[PDB]
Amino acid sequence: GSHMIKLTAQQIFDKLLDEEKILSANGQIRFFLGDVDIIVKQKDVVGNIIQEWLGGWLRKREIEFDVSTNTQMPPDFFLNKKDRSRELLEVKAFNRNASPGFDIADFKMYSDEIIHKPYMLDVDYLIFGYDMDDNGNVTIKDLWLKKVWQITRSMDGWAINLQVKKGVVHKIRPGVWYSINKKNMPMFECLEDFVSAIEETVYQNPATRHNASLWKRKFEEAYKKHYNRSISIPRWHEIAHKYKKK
């Protein structure tokens, strides 16, 4: 009939890698109508549909989950139906030939979110590095399971890597975590440093400066409630050198 198992993000990662054999797998978008079917070669559609496909893959393996009603904020899937603060999964996809084109989240929303819901910082990002050839055959060249702090970095002029347009801050932007090329700007080494960057960015950004004063304390108390454990966020000025050039 129906025997539904509960899985974690690491089990899903490992299952796709070993059991599905995702790295060697082949796939393609296809449109059927009447008695004719054709390949579909629209390249931008692949990234939006991998998330839907994992949905179908989970649902076909009887794996237990809920879906997120908010597209703007993480997560995409709740892997624990009874605990919606833990076992949280975000699916991301980008064309592997170029740098990662996905966004993490609007900075203003995310800086507020992680005070109210610090457990969002422990969301797992299942990232598909996909590729589509000229014939339309889609393949997953790379697959990753990473934390938000593992896929972001600092930038020039701001504490965290941002999308800034005409001096106005928008979305937190990912770095190139996978490159063996050792740049002057590496990814954040730990959660505390990422959060330290967020803290300072709150003050740097004129839009979010109004709630910069209390931010550190408010976050550390909120982390304590939800995790029953203190966390020490270093000052950005002390740790900035690890992530900048000079």
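Residues carry their position along the shown sequence, with the first being 1.
Relative to one another, 211 to 219 and 179 to 187 have unequal mean CA B-factors, and 179 to 187 is the one with the higher figure. Stretches 194 to 202 and 33 to 41 differ in mean C-alpha B factor, with the higher average recorded for 33 to 41. Residues shown: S85, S111, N161, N135. Highest C-alpha temperature factor in the entry: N135.
Annotation for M73: CA B-factor lies in the highest third of the chain's modelled residues. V168 sits in the middle third of its chain by CA B factor, as recorded in the PDB entry. In the PDB entry, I140 places in the middle third of its chain by CA B-factor. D131: CA B factor lies in the highest third for its chain, per the PDB record. Compared with the other modelled residues of the chain, the Cα B-factor recorded for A93 ranks in the middle third.
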